[PDB]
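Below is one structure; the comments refer to it alone.
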DNA sequence: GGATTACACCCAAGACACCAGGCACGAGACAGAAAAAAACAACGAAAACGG
DNA sequence: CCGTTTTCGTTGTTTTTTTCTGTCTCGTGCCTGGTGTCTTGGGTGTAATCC
Ligand SMILES: [Zn+2]
């Protein structure tokens, strides 16, 4: 069982997301401090395009996927589902702009 | 607060004065009920022997007996035993228990018979033998046989015959004290009816919904699955009629407490209950509102039906409802339950076995375990009919003590309090033996002893309300 | 890990606190400590309730078991 | 007080004989010990009665005492 | 806001407490017990805060209020 | 498609029930009276929302979740009969 | 050609619970033995007070 | 720390009668047996993806 965090794009087991949270998005999502509904709304088990990144700084793919500022690991090209409107507003409060990785927005 | 505690305690002096007038009243009404002539005409009660017989003529003994072996006659409930070439019959009633032991090639079966001295569990009222100090008894007979299989079959058949005899005697007793009732007169028009009702006790081991009908001289419950599972209850035999709506319950109830017990299926009962069950963040709050609608619907319909029963009785039956606000928790049987006062009775109807205590039938209430800083107490009801067993309500929370004392006073029931659980099996048998001598020596009025009678105290220090240095 | 969702517990805490003084603020660590203490308390209570239920020779915990445990602890009079 | 005053005194001295040899006692020490002991035991019997009633019984048994001491937090 | 303590959360707390089967009224009973506990603790904390002449409830107030009840908590600055 | 699950693998759908009330029966709006007559064990949860035999019927229409692998979302051929039966309510 | 597999559903078992029967170990009853309890008088250790 | 007062703790003896006990029978409540019906498994069977 693995899920893809919608915001940063990382893919980790859903129980890992629940127990420890997203190592990158915890500064704005608080996924560990969030309930299962919020975990699902920010981490989706339905995705496509497993991506393994070794060096974020120099990988052109990471820049193209906007994951060059995140922890190396399992990432998904496309993630099913988008962030909820309330979470979108909460992130916009923090000044961070959310670009969907669902592919429907480009 | 001091003037309110003075006012409350003066109302408590009136509470005590009422309690004293109740003890004196019952003492006068026990001396008037029992005269010295009734004491002189003391009735000695003797154990009744149920007379039985195996055979009247030697011709009645079956021709199968010719084998010099153990022959069983189920029709006459008889175990013929070969004692020195004698066909001696032994009725299954005289037989007690049996033990089979295959020792070597012979099967040694010891058939025990009823013998006085801690024998059968049957009460003294009915003895399986006639009373007799000079009577000697056959306590056990041990037989042996080379044929193990047949001897095992004979033992099984004796055991089965005993089970069938005990079952028939229980069935008779569940119909014995039951008084032969009149026949229910069906209503010649369209009867008033309540559908989808469950009955307690159930007439069959299967729980089935039925329809309750109002007739000219009673009510009829009728199961749709079998016509033979009808329960007829005459209005003349109903003592109390209760209705209980779903105020906290998953169920709605119409309860009939009876004057004479009825035989429903295999069970003798004084109580017949008719019931139905409701059971099957804003969405969960709305689902509770939908359950509250379903409660109110069944409450309205069953209350209306219980009023229509009261109307059909021509004023023989009042419809009672429990005062939930006056309810207290206690253990009359094996579970903690909410005991609910009504107009005329103390009731519990949610769980079986049911409690129905008529307030007018109470002679005295005793509060057991009441003393210095106690966690809980017990309440004992003694009835005016001393033949009726006392009713215990256990673990009533001590927080409810002053409320229960007030409620007993408001109902004109005398009460007494004690630190120790007094035995009533003893108290009652002594009171039954001579009720007149009991009241002559002070009945329960002397036992009450409300007067504190404490003057020793603990001395006093030099009384000086003056500032020292 | 904490078994209650954070926002419901925060809303409950604020609802309760609003009955003693309006416009009160809570540090997030205060809510975290309250949640830890409340869950620890509830787990200990459920352990005592389970002990009572097993004592009565049953498997299902019931409200009377809770009331008995709280009475024996000395919490309800 | 339901226990007497001399068997209890002897019990207290016997128990005290382990912690320091030949210890004297005072006017209101044994009395206070007896009051505390009886109050404690009465409370324990209250809890035991509650448990026994919970089990649908009227007889108190040692497992009720054990459950009471477990819930109280007693070792 | 007391309906936010859902039935699954009470089930989870009972499972960590080792409870195998749960009645249907346990949820309301537990909500009442939790409300009483929280009421007492928050009342003590707010007393501490008012005494300190503050408008914010700190972690120290909660820790002292738990020490007041006898529920000493480690790991929050005590 | 009354509801689309955020997972995208399943979705709650509005359908015409196929029941016999006690080889498939023809589609027909769930009739509460016939269902009770043939099966008196109907459940009720809300007004207009009825659960019969473990199946949730809302105002005569079945509401059941179906997998994405259970649907054709393109080249859909509609019939007036079904359109009228769906839009009459 | 081949194979492992998803998916709905039926036939069935493990489990906590409810009801019934009966046998024995406990309560109730009675006559008897035991020593805790009550009451009495004597001696003085040590508790309460002072500088 | 040292000397004072005088309460109540320790010492022993006699008498009373409530409590402990030996003994019996009965019963009520502990334990074994029969049964409910729910939650869940293991399986068939229809149906399918994959290469
Ligand atoms: Zn992330």
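So here's what we get for this one:
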| item | result |
| --- | --- |
| Hey, residue D:30 assigned to a helix (DSSP H, G or I) and within 12 Å of DNA strand G (Cβ to nearest atom) or not | yes |
| Complete set of residues in the range D:32-67 that are within 15 Å of DNA strand H (Cβ to nearest atom) and more than 14 Å from every other protein chain (Cβ to nearest Cβ) | D:32, D:33, D:34 |
| Count of residues meeting criterion [away from every other protein chain (no Cβ under 14 Å) and over 19 Å from residue A:27 (Cβ atoms)] in the range A:67-106 | 4 |
| Filter result (facing another protein chain (nearest Cβ under 7 Å), more than 21 Å from residue E:75 (Cβ to Cβ) and assigned to a helix (DSSP H, G or I)) within the range C:1-13 | C:8, C:11, C:12 |
| Single residue of the range B:421-448 satisfying the filter (farther than 18 Å from residue B:32 by Cα and away from DNA strand G (no atom under 11 Å from the Cβ)) that is surrounded by the fewest Cβ atoms within 10 Å (Cβ to Cβ) | B:447 |
| Within the range B:273-362, strands (runs of 3 or more DSSP E) holding 1 or more residues that are out of contact with any helix residue (DSSP H, G or I) (no Cβ under 9 Å at 6 or more places or on another chain) | B:337-341, B:345-348, B:355-358 |
| Enumeration of residues in the range B:383-415 that are more than 14 Å from chain D (Cβ to nearest Cβ), closer than 26 Å to residue D:46 by Cβ and in a strand (DSSP E or B) | B:391, B:415 |
| So residue F:17, is it within 16 Å of DNA strand H (Cβ to nearest atom) and away from chain A (no Cβ under 14 Å) | no |
| Residue within the range B:223-231 that is away from DNA strand G (no atom under 16 Å from the Cβ), more than 19 Å from residue B:180 (Cα to Cα) and surrounded by 19 or more Cβ atoms within 10 Å (Cβ to Cβ) present | yes |
| Qualifying residues in the range C:14-27 (those that are facing chain E (nearest Cβ under 7 Å) and in a helix (DSSP H, G or I)) - the one surrounded by the most Cβ atoms within 10 Å (Cβ to Cβ) | C:17 |
| Single condition residue A:79 does not satisfy, out of (1) more than 21 Å from residue A:13 (Cα to Cα); (2) touching a strand residue (DSSP E or B) at 6+ places or on another chain (Cβ under 6 Å) | (1) |
| Failed criterion for residue C:74 (all others in (1) exposed (fewer than 15 other Cβ atoms within 10 Å of the Cβ); (2) at the interface with chain E (Cβ under 8 Å from one of its Cβ atoms) hold) | (2) |
| Number of the exception - residue A:44 against (1) within 16 Å of DNA strand G (Cβ to nearest atom); (2) closer than 19 Å to residue A:85 by Cβ | (1) |
| Boolean, residue B:256 is away from DNA strand G (no atom under 16 Å from the Cβ), away from every other protein chain (no Cβ under 14 Å), buried (at least 18 other Cβ atoms within 10 Å of the Cβ) and in a loop (DSSP other than H, G, I, E, B) | no |
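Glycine also receives a Cβ, built like all others from the backbone with ideal geometry; neighbour counts cover every protein chain displayed. Each reported figure results from applying straightforward, stated rules to the coordinates on display, with no laboratory input.
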